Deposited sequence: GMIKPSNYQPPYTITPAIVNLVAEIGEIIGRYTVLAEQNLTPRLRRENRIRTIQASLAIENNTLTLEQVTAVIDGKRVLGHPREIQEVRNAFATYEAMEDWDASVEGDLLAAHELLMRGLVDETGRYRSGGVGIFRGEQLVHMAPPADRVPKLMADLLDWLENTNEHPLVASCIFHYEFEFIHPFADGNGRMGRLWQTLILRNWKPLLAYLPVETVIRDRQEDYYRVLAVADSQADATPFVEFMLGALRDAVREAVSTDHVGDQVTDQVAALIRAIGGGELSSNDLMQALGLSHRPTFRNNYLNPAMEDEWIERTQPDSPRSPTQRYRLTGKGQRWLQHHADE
């Protein structure tokens, strides 16, 4: 068994470019990706992946759900987000070729939403490709062998993870092994195959590109299905991944704990040296001037209320370009 994998000069050029872009995306650009940035990307991945399957929640809403903040919306859509966030955070446990790990993921993703969770469908299911005509997936009794072969292929494939993830996505979408959430499981397992190669790709929000190119995504996926060839789909996905890892590097191209405490102490009002001294809980004047007032003054975080008289007794201080969080 082997899926219709046929290479093309366009694929090798996309692999070359993705490879090179990651060659930069790593280096010291990994020492810039903070936990908040990983989360921002993860929230974008979840919101877009769910948006493709007609979830009406906005990025601002999905952020608030995962943050724990106030959320007004449908309880079923909000639980889709909670389950999705829970599922992506458990990727470290799974190997993309393990059938048990695939079922454990489907369980976390569909828990409390559907009857058949963590197992393949017992009956038939319709394949939806946007506003395209619905057709039936393979019979449920064919799924176990189809999935066994696909997962065996993925374990012993010589293809590069970038290509292998696209081939699996294409084959998985054709089979639709679960009663629900096949679309979301497809994007999840593609992210898993990529993070099993480079774990930084787990925070690549390629789903925002697939959501914006949704009409073409389903059209290329249908044309590839009609012509029985994964090649055009692999070109599309490697293209989307390239554009994603490219907009990830373009986003790239700090205050001390002492300076950060002074900026928060000023706020909106105008504080004098003794007003800051009392607020910061300081008692040594040279320490305040050298470690707090002058550092914030030099890096242009704070300005003087009386700039004409620098050595003034009634001297007070107000913020300039100071952004909170």
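Trainee: Where are the holes in the model when you compare it to the deposited sequence?
Mentor: Residues missing from the model, as numbered along the full deposited sequence, span 1-7, 261-263, 336-343.
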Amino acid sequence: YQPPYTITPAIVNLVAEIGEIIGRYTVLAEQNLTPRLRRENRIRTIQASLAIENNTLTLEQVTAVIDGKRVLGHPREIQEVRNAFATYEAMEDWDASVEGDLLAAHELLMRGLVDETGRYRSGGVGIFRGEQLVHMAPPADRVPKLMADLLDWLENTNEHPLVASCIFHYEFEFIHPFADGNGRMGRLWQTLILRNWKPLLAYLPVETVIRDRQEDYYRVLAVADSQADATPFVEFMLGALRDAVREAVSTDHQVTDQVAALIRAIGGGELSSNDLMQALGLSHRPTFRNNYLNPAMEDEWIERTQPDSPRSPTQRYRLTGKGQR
From here on, numbers count along this sequence of modelled residues.
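Trainee: Which is higher on average in the deposited entry, the C-alpha temperature factors of 80-88 or of 67-75?
Mentor: Comparing 80-88 with 67-75, the higher mean C-alpha B-factor belongs to 67-75.
Trainee: Could you check the entry and say whether 302-310 or 10-18 has the higher mean CA B-factor?
Mentor: Comparing 302-310 with 10-18, the higher mean C-alpha B-factor belongs to 302-310.
Trainee: Between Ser165, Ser97, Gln227, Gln214, where does the Cα B-factor run highest in the record?
Mentor: Within the set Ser165, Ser97, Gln227, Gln214, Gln227 shows the top C-alpha B-factor.
Trainee: Considering only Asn54, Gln61, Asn294, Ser49, which residue's Cα atom bears the greatest B-factor as recorded?
Mentor: Result of the comparison over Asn54, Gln61, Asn294, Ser49: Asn294.
Trainee: Could you say whether, by C-alpha temperature factor, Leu133 belongs to the lowest, middle or highest third of its chain?
Mentor: Within its chain, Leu133 is a middle-third residue by C-alpha B-factor, going by the deposited values.
Trainee: Going by the recorded CA B-factors, say which third of the chain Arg289 sits in, lowest, middle or highest.
Mentor: It falls in the top third of the chain.
Trainee: Where does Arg36 sit by CA temperature factor within its chain: lowest, middle or highest third?
Mentor: Middle third, going by the recorded CA B-factors of the chain.
Trainee: Ranking every modelled residue in this chain by its Cα temperature factor as given in the entry, which third contains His106?
Mentor: Lowest third of the chain for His106's C-alpha B-factor.
Trainee: Quick one: classify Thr251 as lowest, middle or highest third of the chain based on its Cα B-factor.
Mentor: Top third by C-alpha B-factor.
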